[PDB]
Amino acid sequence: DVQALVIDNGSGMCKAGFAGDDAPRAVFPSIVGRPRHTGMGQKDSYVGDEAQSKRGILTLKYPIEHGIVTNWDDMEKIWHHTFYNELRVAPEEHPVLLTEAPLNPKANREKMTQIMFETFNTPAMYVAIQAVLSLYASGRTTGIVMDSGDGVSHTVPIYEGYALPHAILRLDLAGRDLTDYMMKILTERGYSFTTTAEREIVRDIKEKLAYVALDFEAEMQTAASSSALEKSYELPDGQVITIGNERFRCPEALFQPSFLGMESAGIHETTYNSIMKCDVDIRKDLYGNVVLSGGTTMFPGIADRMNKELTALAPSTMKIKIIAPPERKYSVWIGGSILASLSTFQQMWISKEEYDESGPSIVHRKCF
């Protein structure tokens, strides 16, 4: 019958597709480009891959920061592009499930809702918390999700299907900061990567060669003592460069934010702190269900390291289990695809009729 759409609007990458598919059809940068100078390249705006590719003649804007929309005109351009160009749908024909960051401001949830109904004329819509979707994708109703993407890392305790907002914490460090840090430490070796194409190289080095050391001190010592940890990387121009301790120093910043001159506790402590903000009677179930999600959780070794660090923080009789699904870059989107497909979800959406009667604030009563 009616085909729902699922859009996960990330700060760095939008993931969009059709409910019931196992993966998003479209994954593209959350970027809007406009003519840089007000004097071809000639359209009013570009979005996604095309905007990034035409950056030489466009000024680029990233309307989502820490998962929160900061520019609604640009966000509307991204959604229009998503519907008409990426998914090739008429949005007036489809219920739309959208995702939101933990603790998304009230006014923002209302604005999302107003735009869908008034700008796009969606027949129905729903807004889900990203972390809760990841937990569902892992087949659980209780656990703590550590969601680390582009600008922010959140720890979100969830009990019997619902986030505990009083216990949600955040570390203001995620993948873009790790890319920037890799850029900085690679300069110590004499490699300067400063342009956009060069930053993309650095991102690829982070994604392909970095890993989380189980014992950082010991890994540094191994790296200082021999070339065993070194790896070669070929640049697009053909030059071959060598990378050593930068491989594990880069994601170490997740556990030691002082590496970036931050006073904040590392992700392991943030996770522990969130657990300790929860009712003592549910903490066992949180430690036993720590679910990693998001692109910045994709480092090899991260689950082993989280296990070690949380084990050190928790009582020795507490069972720690870190769940790190291979599909975790997409687990939010996948949780959305499942939710939107359920026979029960037709009963859950906000309908156009409901919006017409109640206005945007209906979102606080239907989606929580």
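All residue numbers refer to positions in the sequence shown, first residue = 1.
According to the record, the deposited sequence contains 4 to 9 residues between residue 39 and residue 40 that were left without coordinates. Remark: stretch with higher mean C-alpha B factor among 179 to 187 and 230 to 238 is 230 to 238. The stretch 73 to 81 shows the higher mean C-alpha B-factor when 73 to 81 is compared against 139 to 147 in the entry.
Comparing C-alpha B-factors across 216, 211, 272, 120 in the deposited entry, the largest value falls on 216. The residue among 129, 125, 220, 164 whose C-alpha atom has the highest B-factor in the PDB entry is 220. In this PDB entry, the Cα temperature factor of residue 10 sits in the bottom third of its chain's modelled residues, the lowest group. Looking at the C-alpha B-factors along this chain, the one for residue 156 belongs to the lowest third. When the modelled residues of the chain are ordered by their C-alpha B factor, residue 18 lands in the lowest third. Residue 321 sits in the lowest third of its chain by CA B factor, as recorded in the PDB entry. Per-chain ranking of the deposited C-alpha B factor places residue 339 in the lowest third.
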